[PDB]
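Novice: Residue numbers (UniProt numbering): 181 to 228, 232 to 313, 318 to 398.
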Ligand SMILES: Nc1ncnc2c1ncn2[C@@H]1O[C@H](CO)[C@@H](O)[C@H]1OP(=O)(O)O
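(1) Out of 362, 313 and 372, state which residue places its alpha-carbon closest to the alpha-carbon of residue 348.
(2) Please report how far the alpha carbon of residue 228 lies from the alpha carbon of residue 353, in whole angstroms.
(3) Using the C-alpha atoms, what's the distance from residue 201 back to residue 389?
(4) Which residues in the same chain as residue 342 place their Cβ atom closer than 8 Å to its Cβ, once the five residues preceding and following it in sequence are excluded?
(5) Does the region 181 to 199 come within contact of the region 253 to 262, defined as at least 3 CB pairs closer than 8 Å?
(6) Between which two residues does the beta strand (DSSP E) harbouring residue 378 extend?
(7) Taking residue 268 as part of the alpha helix (DSSP H), name the residues at either end of that continuous run.
(8) Note down, in chain order, each residue of its chain lying with its Cβ closer than 6 Å to the Cβ of residue 370, except the 5 sequence neighbours on either side.
(9) Hey, residue 285 and residue 304 are a contact pair by Cβ (cut 8 Å); roughly how many whole angstroms apart?
(10) Between which residues of its own chain and residue 205 is the CB-CB distance below 6 Å, once the five residues before and five after are set aside?
(11) Examine the Cβ distances between the region 213 to 224 and the region 371 to 378 and report whether three or more of them are shorter than 8 Å.
(12) Can you say whether residue 239 is buried or exposed, counting buried as having 16 or more other CB atoms within 10 angstroms of its CB?
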């Protein structure tokens, strides 16, 4: 017969790095939800002067260890899944330890996440399958921290690219606040970005999740 692939490949953060990044994620949501600049724009965030707690809003969280997905394969069902998995670099990198650089945390009405900036060696593990929005490959790279109730997986990546495209255009604007980890930017349409002063490094293992 034939070997079937994972549900997806990706970098899976270590227990330690997962707990650090998860904790920073919640603090950001707590800080953002309580920031005056965010409350001003709540009507651009939800359709519903009360306060919204974003930890609650992003109720659908990764339950185990956080991860940075590369190729979603659906056991080979997804286009290009087999071609991605058959690559040498993928087979060679399987079970290898990597360090991922987090450059920012972001929030939209649909998802909450951390932006990952991949190295050139890590970029070799990015699927070529990934409308381009004139951004370099790997721009979508991220760790999901939370999702709104009716949101489906893929949306976090889309949300990030939209944001990075807005930043690209220079329409990110002056910062609207300073948080302990960096500057907060209001991109409108319920979109928010914390640019980390110091990029956060997390340890991960590249491997396949079967579920
Ligand atoms: N097209 C797709 N369908 C389902 N999951 C996808 C996907 N593309 C990427 N993924 C990722 O696969 C994992 C399981 O669904 C999720 O972490 C998701 O990343 P996400 O964090 O943006 O949701």
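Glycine included, each C-beta is placed from N, C-alpha and C at the ideal position.
Specialist: The answer reads as follows:
(1) Here residue 348 corresponds to residue number 161 of the chain shown, with the count starting at 1. Nearest option by C-alpha distance: 313.
(2) What you label residue 228 is simply residue 48 of the chain shown in a count that begins at 1. What you label residue 353 is simply residue 166 of the chain shown in a count that begins at 1. Taking the straight line joining both Cα atoms gives about 26 Å.
(3) As a working note, residue 389 is residue 202 in the chain shown. As a working note, residue 201 is residue 21 in the chain shown. Their backbone Cα atoms lie some 8 Å apart in a straight line.
(4) By 1-based counting over the chain shown, the position of residue 342 is 155. Around residue 342: 293, 294 and 334.
(5) yes
(6) If you number the chain shown from 1, residue 378 lands on position 191. Residues 378 to 396.
(7) As a working note, residue 268 is residue 85 in the chain shown. Residues 264 to 268.
(8) Looking up residue 370 in the chain shown gives position 183. Same-chain partners within the cutoff: 362 and 382.
(9) Position 102 of the chain shown, counted from the start, is the residue given in the question as residue 285. Position 121 of the chain shown, counted from the start, is the residue given in the question as residue 304. Not a contact, Cβ separation roughly 17 Å.
(10) Within the chain shown, the letter at position 25 stands for residue 205. Cβ neighbours of residue 205 beyond the five flanking positions: 332.
(11) yes
(12) Taking the first residue of the chain shown as 1, we reach residue 239 at position 56. It is exposed - the Cβ of residue 239 has fewer than 16 other Cβ atoms within 10 Å.
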